[PDB]
Amino acid sequence: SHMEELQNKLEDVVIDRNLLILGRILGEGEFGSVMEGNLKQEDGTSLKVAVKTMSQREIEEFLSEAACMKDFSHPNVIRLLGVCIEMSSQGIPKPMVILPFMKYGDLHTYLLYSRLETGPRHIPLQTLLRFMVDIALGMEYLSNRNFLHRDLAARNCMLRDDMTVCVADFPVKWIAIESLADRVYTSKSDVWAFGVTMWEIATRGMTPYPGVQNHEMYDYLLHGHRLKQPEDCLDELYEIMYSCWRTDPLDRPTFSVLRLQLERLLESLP
Ligand SMILES: CCCCNc1ncc2c(-c3ccc(CN4CCN(C)CC4)cc3)cn([C@H]3CC[C@H](O)CC3)c2n1
Ligand SMILES: [Cl-]
Ligand SMILES: [Cl-]
Ligand SMILES: [Cl-]
Ligand SMILES: [Cl-]
């Protein structure tokens, strides 16, 4: 049963606080913190992990959502290893998300660093397209199980040690024309965000819509303007990203269609 499944997943997602030690802060904000940790595994050895730290309703909501996310199982979707709920000395709940430690970090920062001499080398065309195919694959998986991401952007995609990209962390310039209008939000809204993310990748990390301010965005799109084609981006790659921003959501391709379009393009390169 539907209740049965949710109880199982809840059982599976929680981690004994004993099995975890927290280390240095890697990052910090109004969101909360990201810290390094070690997780003791069933096999007796420890794993390096990343720990993201953030009413009983709100806690149960977190747990239920965490339960669903742990259940995703795809190479291009980040594996949620589990959650711990600690409490502050003020008696405020401190929910912790346990994720793999990814030494190459988020895709956005990686693109920026490739433009510096000490960072990764210049990233060729083929590899930038590969990153897009990986993200599409992860998004194809999620939409096929009716999950909406809602914050898809290059900063929320992670690079794994083998250079595979996975979608993670489930921002006016990423938001589709109709979710600006109606606050209405489908998987075709995620498709819109994916096209923007593809543009971030093809520009090696530019902010979308240079020259245009966040308050101007809705009116800019309302008059039919879209992101411009990046320099040295194939015409056919641009066509694909432009399809993501078609005014009417039903005209946008699905992630499945996009993904095959991107794989074909990639296949065709020397
Ligand atoms: C879904 C969020 C968690 C996903 N996992 C994860 N794992 C790791 C990191 C690091 C990070 C990794 C390594 C180092 C030191 N060396 C750097 C050079 N390298 C070759 C060896 C290691 C420093 C920071 C930053 N982040 C942040 C990305 C941006 C996110 O917004 C917030 C976490 C990380 N996130
Ligand atoms: Cl600890
Ligand atoms: Cl992963
Ligand atoms: Cl830039
Ligand atoms: Cl632009």
# chains A, B, ... in the order shown; residues from 1 in each chain; ligands from 1
>>> select_by_dssp(residues="segment 49-81 of chain A", states="alpha helix (DSSP H)", output="number ranges by chain")
A: 56-71
>>> write_last_selection(atoms="N, CA and C atoms", output="PDB file, in the first residue's frame")
ATOM      1  N   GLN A  56       6.627  20.533  14.338  1.00  0.00           N
ATOM      2  CA  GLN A  56       6.728  19.086  14.062  1.00  0.00           C
ATOM      3  C   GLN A  56       6.209  18.678  12.669  1.00  0.00           C
ATOM      4  N   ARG A  57       5.226  19.431  12.173  1.00  0.00           N
ATOM      5  CA  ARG A  57       4.732  19.366  10.792  1.00  0.00           C
ATOM      6  C   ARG A  57       5.917  19.579   9.810  1.00  0.00           C
ATOM      7  N   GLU A  58       6.671  20.672  10.008  1.00  0.00           N
ATOM      8  CA  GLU A  58       7.794  21.036   9.127  1.00  0.00           C
ATOM      9  C   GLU A  58       8.838  19.911   9.127  1.00  0.00           C
ATOM     10  N   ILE A  59       9.124  19.362  10.300  1.00  0.00           N
ATOM     11  CA  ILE A  59       9.997  18.198  10.452  1.00  0.00           C
ATOM     12  C   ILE A  59       9.527  16.924   9.765  1.00  0.00           C
ATOM     13  N   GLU A  60       8.239  16.625   9.893  1.00  0.00           N
ATOM     14  CA  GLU A  60       7.646  15.470   9.235  1.00  0.00           C
ATOM     15  C   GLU A  60       7.632  15.638   7.721  1.00  0.00           C
ATOM     16  N   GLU A  61       7.528  16.890   7.284  1.00  0.00           N
ATOM     17  CA  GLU A  61       7.496  17.246   5.866  1.00  0.00           C
ATOM     18  C   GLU A  61       8.884  16.942   5.283  1.00  0.00           C
ATOM     19  N   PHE A  62       9.893  17.470   5.974  1.00  0.00           N
ATOM     20  CA  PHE A  62      11.309  17.201   5.675  1.00  0.00           C
ATOM     21  C   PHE A  62      11.612  15.687   5.598  1.00  0.00           C
ATOM     22  N   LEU A  63      11.221  14.954   6.636  1.00  0.00           N
ATOM     23  CA  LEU A  63      11.407  13.502   6.676  1.00  0.00           C
ATOM     24  C   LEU A  63      10.743  12.761   5.519  1.00  0.00           C
ATOM     25  N   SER A  64       9.484  13.113   5.241  1.00  0.00           N
ATOM     26  CA  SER A  64       8.734  12.493   4.141  1.00  0.00           C
ATOM     27  C   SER A  64       9.376  12.743   2.763  1.00  0.00           C
ATOM     28  N   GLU A  65       9.788  13.996   2.555  1.00  0.00           N
ATOM     29  CA  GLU A  65      10.460  14.457   1.326  1.00  0.00           C
ATOM     30  C   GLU A  65      11.834  13.778   1.161  1.00  0.00           C
ATOM     31  N   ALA A  66      12.595  13.777   2.251  1.00  0.00           N
ATOM     32  CA  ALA A  66      13.874  13.046   2.339  1.00  0.00           C
ATOM     33  C   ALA A  66      13.660  11.581   2.006  1.00  0.00           C
ATOM     34  N   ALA A  67      12.653  10.960   2.616  1.00  0.00           N
ATOM     35  CA  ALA A  67      12.300   9.562   2.291  1.00  0.00           C
ATOM     36  C   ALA A  67      12.120   9.301   0.769  1.00  0.00           C
ATOM     37  N   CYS A  68      11.421  10.215   0.085  1.00  0.00           N
ATOM     38  CA  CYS A  68      11.187  10.082  -1.358  1.00  0.00           C
ATOM     39  C   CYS A  68      12.504  10.239  -2.151  1.00  0.00           C
ATOM     40  N   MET A  69      13.298  11.238  -1.775  1.00  0.00           N
ATOM     41  CA  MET A  69      14.566  11.496  -2.436  1.00  0.00           C
ATOM     42  C   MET A  69      15.584  10.383  -2.306  1.00  0.00           C
ATOM     43  N   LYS A  70      15.626   9.734  -1.138  1.00  0.00           N
ATOM     44  CA  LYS A  70      16.529   8.616  -0.935  1.00  0.00           C
ATOM     45  C   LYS A  70      16.158   7.493  -1.888  1.00  0.00           C
ATOM     46  N   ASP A  71      14.880   7.401  -2.224  1.00  0.00           N
ATOM     47  CA  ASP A  71      14.380   6.351  -3.101  1.00  0.00           C
ATOM     48  C   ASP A  71      14.767   6.538  -4.589  1.00  0.00           C
TER      49      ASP A  71
END
>>> residues_near_ligand(ligand="ligand 2", cutoff="7 Å", atoms="only C-alpha atoms and all ligand atoms", output="list in words")
residues 20, 21 and 22 of chain A
>>> write_last_selection(atoms="N, CA and C atoms", output="PDB file, in the first residue's frame")
ATOM      1  N   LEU A  20      27.815   9.160  12.536  1.00  0.00           N
ATOM      2  CA  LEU A  20      28.251  10.359  11.859  1.00  0.00           C
ATOM      3  C   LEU A  20      29.159  11.214  12.737  1.00  0.00           C
ATOM      4  N   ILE A  21      30.286  11.668  12.182  1.00  0.00           N
ATOM      5  CA  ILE A  21      31.043  12.787  12.773  1.00  0.00           C
ATOM      6  C   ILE A  21      31.161  13.941  11.792  1.00  0.00           C
ATOM      7  N   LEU A  22      30.974  15.157  12.311  1.00  0.00           N
ATOM      8  CA  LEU A  22      30.967  16.385  11.539  1.00  0.00           C
ATOM      9  C   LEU A  22      32.288  17.056  11.646  1.00  0.00           C
TER      10      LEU A  22
END
>>> residues_near_ligand(ligand="ligand 3", cutoff="10 Å", atoms="only C-alpha atoms and all ligand atoms", output="ChimeraX atom specification")
/A:73-81,99-102,158-161,164-168
>>> write_last_selection(atoms="N, CA and C atoms", output="PDB file, in the first residue's frame")
ATOM      1  N   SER A  73      17.075   6.492  -7.688  1.00  0.00           N
ATOM      2  CA  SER A  73      18.238   5.690  -7.919  1.00  0.00           C
ATOM      3  C   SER A  73      18.553   5.787  -9.418  1.00  0.00           C
ATOM      4  N   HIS A  74      19.419   6.742  -9.757  1.00  0.00           N
ATOM      5  CA  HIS A  74      19.843   7.015 -11.132  1.00  0.00           C
ATOM      6  C   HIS A  74      21.266   7.652 -11.079  1.00  0.00           C
ATOM      7  N   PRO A  75      22.200   7.215 -11.959  1.00  0.00           N
ATOM      8  CA  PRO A  75      23.576   7.774 -11.942  1.00  0.00           C
ATOM      9  C   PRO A  75      23.667   9.304 -12.059  1.00  0.00           C
ATOM     10  N   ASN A  76      22.650   9.924 -12.669  1.00  0.00           N
ATOM     11  CA  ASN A  76      22.605  11.384 -12.885  1.00  0.00           C
ATOM     12  C   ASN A  76      21.687  12.138 -11.953  1.00  0.00           C
ATOM     13  N   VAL A  77      21.319  11.473 -10.865  1.00  0.00           N
ATOM     14  CA  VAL A  77      20.602  12.106  -9.785  1.00  0.00           C
ATOM     15  C   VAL A  77      21.391  11.835  -8.532  1.00  0.00           C
ATOM     16  N   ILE A  78      21.604  12.881  -7.736  1.00  0.00           N
ATOM     17  CA  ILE A  78      22.415  12.750  -6.522  1.00  0.00           C
ATOM     18  C   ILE A  78      21.781  11.742  -5.537  1.00  0.00           C
ATOM     19  N   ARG A  79      22.618  10.873  -4.985  1.00  0.00           N
ATOM     20  CA  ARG A  79      22.161   9.879  -4.025  1.00  0.00           C
ATOM     21  C   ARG A  79      22.075  10.547  -2.660  1.00  0.00           C
ATOM     22  N   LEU A  80      20.883  10.564  -2.087  1.00  0.00           N
ATOM     23  CA  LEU A  80      20.701  10.994  -0.708  1.00  0.00           C
ATOM     24  C   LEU A  80      20.985   9.779   0.209  1.00  0.00           C
ATOM     25  N   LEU A  81      22.039   9.872   1.012  1.00  0.00           N
ATOM     26  CA  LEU A  81      22.456   8.761   1.854  1.00  0.00           C
ATOM     27  C   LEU A  81      21.583   8.646   3.109  1.00  0.00           C
ATOM     28  N   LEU A  99      24.947  13.583   2.160  1.00  0.00           N
ATOM     29  CA  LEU A  99      25.113  13.425   0.722  1.00  0.00           C
ATOM     30  C   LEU A  99      26.536  13.025   0.434  1.00  0.00           C
ATOM     31  N   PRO A 100      26.803  12.492  -0.759  1.00  0.00           N
ATOM     32  CA  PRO A 100      28.183  12.155  -1.077  1.00  0.00           C
ATOM     33  C   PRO A 100      29.071  13.418  -1.110  1.00  0.00           C
ATOM     34  N   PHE A 101      30.307  13.228  -0.702  1.00  0.00           N
ATOM     35  CA  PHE A 101      31.315  14.208  -0.854  1.00  0.00           C
ATOM     36  C   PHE A 101      31.849  14.163  -2.275  1.00  0.00           C
ATOM     37  N   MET A 102      31.715  15.296  -2.974  1.00  0.00           N
ATOM     38  CA  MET A 102      32.121  15.429  -4.378  1.00  0.00           C
ATOM     39  C   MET A 102      33.214  16.480  -4.515  1.00  0.00           C
ATOM     40  N   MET A 158      26.051  18.692  -9.722  1.00  0.00           N
ATOM     41  CA  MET A 158      27.299  18.344  -9.080  1.00  0.00           C
ATOM     42  C   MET A 158      28.115  17.473 -10.010  1.00  0.00           C
ATOM     43  N   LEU A 159      29.428  17.622  -9.952  1.00  0.00           N
ATOM     44  CA  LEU A 159      30.310  16.760 -10.703  1.00  0.00           C
ATOM     45  C   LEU A 159      30.855  15.671  -9.805  1.00  0.00           C
ATOM     46  N   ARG A 160      30.757  14.445 -10.292  1.00  0.00           N
ATOM     47  CA  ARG A 160      31.231  13.288  -9.543  1.00  0.00           C
ATOM     48  C   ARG A 160      32.651  13.063  -9.973  1.00  0.00           C
ATOM     49  N   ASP A 161      33.346  12.178  -9.239  1.00  0.00           N
ATOM     50  CA  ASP A 161      34.792  11.953  -9.412  1.00  0.00           C
ATOM     51  C   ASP A 161      35.127  11.459 -10.838  1.00  0.00           C
ATOM     52  N   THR A 164      30.929  12.655 -14.198  1.00  0.00           N
ATOM     53  CA  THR A 164      29.515  12.531 -14.473  1.00  0.00           C
ATOM     54  C   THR A 164      28.853  13.674 -13.729  1.00  0.00           C
ATOM     55  N   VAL A 165      27.841  14.285 -14.330  1.00  0.00           N
ATOM     56  CA  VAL A 165      27.067  15.338 -13.664  1.00  0.00           C
ATOM     57  C   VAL A 165      25.805  14.691 -13.115  1.00  0.00           C
ATOM     58  N   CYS A 166      25.406  15.100 -11.912  1.00  0.00           N
ATOM     59  CA  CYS A 166      24.124  14.674 -11.393  1.00  0.00           C
ATOM     60  C   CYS A 166      23.350  15.880 -10.952  1.00  0.00           C
ATOM     61  N   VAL A 167      22.028  15.830 -11.143  1.00  0.00           N
ATOM     62  CA  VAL A 167      21.173  16.877 -10.603  1.00  0.00           C
ATOM     63  C   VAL A 167      21.020  16.746  -9.059  1.00  0.00           C
ATOM     64  N   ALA A 168      20.922  17.888  -8.400  1.00  0.00           N
ATOM     65  CA  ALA A 168      20.945  17.956  -6.950  1.00  0.00           C
ATOM     66  C   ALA A 168      20.085  19.115  -6.474  1.00  0.00           C
TER      67      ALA A 168
END
>>> residues_around(residues="residue 26 of chain A", least_positions_apart="5", cutoff="8 Å", atoms="only C-alpha atoms", output="PDB file with N, CA and C atoms, in the first residue's frame")
ATOM      1  N   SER A  33      24.132  25.481   6.640  1.00  0.00           N
ATOM      2  CA  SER A  33      25.548  25.140   6.403  1.00  0.00           C
ATOM      3  C   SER A  33      25.758  23.883   5.593  1.00  0.00           C
ATOM      4  N   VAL A  34      26.905  23.811   4.936  1.00  0.00           N
ATOM      5  CA  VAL A  34      27.400  22.570   4.395  1.00  0.00           C
ATOM      6  C   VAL A  34      28.714  22.299   5.135  1.00  0.00           C
ATOM      7  N   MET A  35      28.796  21.104   5.719  1.00  0.00           N
ATOM      8  CA  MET A  35      29.951  20.635   6.450  1.00  0.00           C
ATOM      9  C   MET A  35      30.443  19.322   5.880  1.00  0.00           C
ATOM     10  N   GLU A  36      31.737  19.097   6.036  1.00  0.00           N
ATOM     11  CA  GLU A  36      32.297  17.764   5.776  1.00  0.00           C
ATOM     12  C   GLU A  36      31.957  16.821   6.929  1.00  0.00           C
TER      13      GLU A  36
END
>>> atom_distance(atom1="atom CA of residue 186 of chain A", atom2="atom CA of residue 142 of chain A")
12.5 Å
>>> residues_near_ligand(ligand="ligand 4", cutoff="8 Å", atoms="only C-alpha atoms and all ligand atoms", output="JSON, numbers by chain")
{"A": [112, 203, 204, 205, 206, 207]}
>>> write_last_selection(atoms="C-alpha atoms", output="compact mmCIF listing (two decimals), in the first residue's frame")
# COMPACT_ATOMS: atom_id res chain seq x y z
CA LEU A 112 34.29 29.40 -14.00
CA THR A 203 28.84 30.30 -21.94
CA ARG A 204 31.08 28.58 -19.36
CA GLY A 205 29.20 30.14 -16.47
CA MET A 206 27.81 33.52 -17.56
CA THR A 207 24.85 34.95 -15.64
>>> residues_around(residues="residue 126 of chain A", least_positions_apart="4", cutoff="9 Å", atoms="only C-alpha atoms", output="PyMOL selection string")
chain A and resi 130-131+266+269-270
>>> write_last_selection(atoms="N, CA and C atoms", output="tab-separated table (two decimals), in the first residue's frame")
chain	number	residue	atom	x	y	z
A	130	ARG	N	28.27	16.68	-23.24
A	130	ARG	CA	28.16	15.56	-22.32
A	130	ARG	C	27.52	15.93	-20.97
A	131	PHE	N	27.91	17.09	-20.43
A	131	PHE	CA	27.35	17.61	-19.18
A	131	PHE	C	25.84	17.85	-19.35
A	266	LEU	N	25.71	15.03	-29.95
A	266	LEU	CA	27.00	14.62	-29.42
A	266	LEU	C	27.64	13.51	-30.24
A	269	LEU	N	29.59	14.54	-33.34
A	269	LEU	CA	30.83	15.31	-33.27
A	269	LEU	C	32.07	14.43	-33.38
A	270	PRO	N	33.14	14.99	-33.96
A	270	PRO	CA	34.42	14.29	-34.07
A	270	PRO	C	35.21	14.34	-32.77
>>> residues_near_ligand(ligand="ligand 5", cutoff="7 Å", atoms="only C-alpha atoms and all ligand atoms", output="ChimeraX atom specification")
/A:208-210,226-228
>>> write_last_selection(atoms="C-alpha atoms", output="PDB file, in the first residue's frame")
ATOM      1  CA  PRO A 208      21.698  34.740 -17.836  1.00  0.00           C
ATOM      2  CA  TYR A 209      20.468  37.903 -19.631  1.00  0.00           C
ATOM      3  CA  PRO A 210      23.433  40.232 -19.344  1.00  0.00           C
ATOM      4  CA  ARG A 226      14.993  35.076 -25.053  1.00  0.00           C
ATOM      5  CA  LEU A 227      18.622  34.275 -24.149  1.00  0.00           C
ATOM      6  CA  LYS A 228      21.034  35.035 -26.957  1.00  0.00           C
TER       7      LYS A 228
END
>>> select_by_dssp(residues="segment 42-237 of chain A", states="strand (DSSP E or B)", output="compact mmCIF listing (two decimals) with N, CA and C atoms, in the first residue's frame")
# COMPACT_ATOMS: atom_id res chain seq x y z
N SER A 46 34.52 3.87 7.22
CA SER A 46 33.92 5.21 7.12
C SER A 46 33.99 5.77 5.68
N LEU A 47 32.99 6.56 5.35
CA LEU A 47 32.86 7.25 4.07
C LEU A 47 32.86 8.74 4.29
N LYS A 48 33.65 9.46 3.49
CA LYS A 48 33.58 10.91 3.47
C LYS A 48 32.27 11.34 2.86
N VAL A 49 31.59 12.24 3.55
CA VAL A 49 30.32 12.76 3.09
C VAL A 49 30.25 14.27 3.24
N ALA A 50 29.19 14.83 2.65
CA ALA A 50 28.83 16.23 2.83
C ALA A 50 27.55 16.28 3.64
N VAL A 51 27.48 17.18 4.63
CA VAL A 51 26.30 17.30 5.48
C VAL A 51 25.72 18.70 5.33
N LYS A 52 24.50 18.77 4.79
CA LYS A 52 23.74 20.02 4.72
C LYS A 52 22.81 20.17 5.92
N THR A 53 22.96 21.28 6.63
CA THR A 53 22.27 21.57 7.89
C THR A 53 21.38 22.78 7.69
N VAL A 77 21.32 11.47 -10.87
CA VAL A 77 20.60 12.11 -9.79
C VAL A 77 21.39 11.83 -8.53
N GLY A 82 21.04 9.75 3.63
CA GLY A 82 20.09 9.67 4.73
C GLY A 82 19.97 11.00 5.43
N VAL A 83 19.24 11.02 6.55
CA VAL A 83 19.07 12.22 7.33
C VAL A 83 19.24 11.95 8.80
N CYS A 84 19.69 12.97 9.53
CA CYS A 84 19.70 12.98 10.99
C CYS A 84 18.93 14.22 11.37
N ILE A 85 18.21 14.13 12.48
CA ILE A 85 17.59 15.31 13.11
C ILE A 85 18.25 15.51 14.45
N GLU A 86 19.08 16.54 14.57
CA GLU A 86 19.57 16.98 15.87
C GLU A 86 18.71 18.16 16.39
N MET A 87 18.86 18.51 17.67
CA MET A 87 18.16 19.67 18.26
C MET A 87 19.15 20.68 18.83
N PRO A 93 14.66 22.32 16.11
CA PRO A 93 15.16 21.13 15.39
C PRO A 93 16.17 21.47 14.28
N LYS A 94 17.22 20.66 14.17
CA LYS A 94 18.35 20.92 13.28
C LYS A 94 18.47 19.71 12.35
N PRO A 95 17.64 19.67 11.29
CA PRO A 95 17.66 18.54 10.36
C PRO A 95 18.91 18.56 9.47
N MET A 96 19.53 17.39 9.31
CA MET A 96 20.77 17.25 8.57
C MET A 96 20.56 16.31 7.41
N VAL A 97 21.02 16.71 6.24
CA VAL A 97 20.96 15.89 5.04
C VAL A 97 22.38 15.38 4.75
N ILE A 98 22.50 14.07 4.52
CA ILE A 98 23.77 13.44 4.27
C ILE A 98 23.90 13.07 2.82
N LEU A 99 24.95 13.58 2.16
CA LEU A 99 25.11 13.43 0.72
C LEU A 99 26.54 13.03 0.43
N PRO A 100 26.80 12.49 -0.76
CA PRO A 100 28.18 12.16 -1.08
C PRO A 100 29.07 13.42 -1.11
N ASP A 106 30.31 21.96 -7.40
CA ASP A 106 29.16 22.24 -8.28
C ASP A 106 29.64 22.59 -9.69
N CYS A 157 23.85 21.41 -9.94
CA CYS A 157 24.29 20.18 -10.56
C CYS A 157 25.72 19.95 -10.01
N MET A 158 26.05 18.69 -9.72
CA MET A 158 27.30 18.34 -9.08
C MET A 158 28.11 17.47 -10.01
N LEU A 159 29.43 17.62 -9.95
CA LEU A 159 30.31 16.76 -10.70
C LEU A 159 30.85 15.67 -9.81
N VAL A 165 27.84 14.28 -14.33
CA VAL A 165 27.07 15.34 -13.66
C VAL A 165 25.80 14.69 -13.12
N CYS A 166 25.41 15.10 -11.91
CA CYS A 166 24.12 14.67 -11.39
C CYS A 166 23.35 15.88 -10.95
N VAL A 167 22.03 15.83 -11.14
CA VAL A 167 21.17 16.88 -10.60
C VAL A 167 21.02 16.75 -9.06
>>> closest_residue(among="A:108, A:115, A:9, A:225", to="ligand 1", atoms="only C-alpha atoms and all ligand atoms")
A:108
>>> closest_residue(among="A:127, A:187, A:229, A:179", to="residue 148 of chain A", atoms="only C-alpha atoms")
A:187
>>> closest_residue(among="A:267, A:151, A:178, A:231", to="ligand 1", atoms="only C-alpha atoms and all ligand atoms")
A:151
>>> atom_distance(atom1="atom CA of residue 201 of chain A", atom2="atom CA of residue 132 of chain A")
7.8 Å
>>> closest_residue(among="A:16, A:169, A:190, A:140", to="ligand 1", atoms="only C-alpha atoms and all ligand atoms")
A:169
>>> residues_around(residues="segment 252-256 of chain A", least_positions_apart="5", cutoff="8 Å", atoms="only C-alpha atoms", output="VMD selection string")
chain A and resid 136 to 137 139 to 140 143 188 191 243 to 246
>>> decode(residues="segment 142-158 of chain A", atoms="N, CA, C and O atoms", output="short mmCIF file (atom, residue, chain, number, x, y, z; two decimals), in the first residue's frame")
data_model
loop_
_atom_site.label_atom_id
_atom_site.label_comp_id
_atom_site.auth_asym_id
_atom_site.auth_seq_id
_atom_site.Cartn_x
_atom_site.Cartn_y
_atom_site.Cartn_z
N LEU A 142 13.60 11.88 -13.28
CA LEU A 142 12.72 12.57 -12.34
C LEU A 142 11.33 12.87 -12.92
O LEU A 142 10.35 12.61 -12.25
N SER A 143 11.24 13.42 -14.13
CA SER A 143 9.92 13.78 -14.68
C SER A 143 9.13 12.52 -14.96
O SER A 143 7.91 12.54 -14.83
N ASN A 144 9.80 11.43 -15.32
CA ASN A 144 9.12 10.17 -15.60
C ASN A 144 8.50 9.56 -14.33
O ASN A 144 7.50 8.84 -14.42
N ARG A 145 9.06 9.90 -13.17
CA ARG A 145 8.38 9.65 -11.90
C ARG A 145 7.72 10.88 -11.28
O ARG A 145 7.58 10.99 -10.08
N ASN A 146 7.29 11.81 -12.14
CA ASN A 146 6.47 12.99 -11.79
C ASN A 146 6.97 13.88 -10.70
O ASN A 146 6.22 14.63 -10.09
N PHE A 147 8.28 13.88 -10.51
CA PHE A 147 8.89 14.75 -9.56
C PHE A 147 9.35 16.05 -10.25
O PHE A 147 10.00 16.02 -11.31
N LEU A 148 8.95 17.17 -9.67
CA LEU A 148 9.40 18.49 -10.08
C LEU A 148 10.59 18.95 -9.25
O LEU A 148 10.59 18.84 -8.03
N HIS A 149 11.60 19.46 -9.94
CA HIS A 149 12.87 19.89 -9.31
C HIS A 149 12.68 21.27 -8.66
O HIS A 149 12.96 21.42 -7.47
N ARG A 150 12.25 22.23 -9.47
CA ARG A 150 11.90 23.61 -9.07
C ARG A 150 13.07 24.62 -8.89
O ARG A 150 12.83 25.80 -8.72
N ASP A 151 14.31 24.19 -9.02
CA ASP A 151 15.47 25.08 -8.84
C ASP A 151 16.66 24.54 -9.66
O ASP A 151 17.78 24.43 -9.18
N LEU A 152 16.40 24.21 -10.92
CA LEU A 152 17.39 23.62 -11.77
C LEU A 152 18.22 24.76 -12.32
O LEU A 152 17.68 25.73 -12.88
N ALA A 153 19.53 24.64 -12.15
CA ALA A 153 20.49 25.67 -12.50
C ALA A 153 21.85 24.99 -12.43
O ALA A 153 22.00 23.99 -11.72
N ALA A 154 22.87 25.52 -13.12
CA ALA A 154 24.22 24.88 -13.05
C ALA A 154 24.82 24.78 -11.66
O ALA A 154 25.58 23.85 -11.39
N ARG A 155 24.49 25.73 -10.78
CA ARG A 155 24.96 25.69 -9.37
C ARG A 155 24.39 24.52 -8.54
O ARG A 155 24.95 24.19 -7.49
N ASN A 156 23.29 23.92 -9.02
CA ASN A 156 22.64 22.79 -8.36
C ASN A 156 22.88 21.46 -9.06
O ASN A 156 22.22 20.49 -8.77
N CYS A 157 23.85 21.41 -9.94
CA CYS A 157 24.29 20.18 -10.56
C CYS A 157 25.72 19.95 -10.01
O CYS A 157 26.50 20.90 -9.91
N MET A 158 26.05 18.69 -9.72
CA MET A 158 27.30 18.34 -9.08
C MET A 158 28.11 17.47 -10.01
O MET A 158 27.57 16.75 -10.80
#
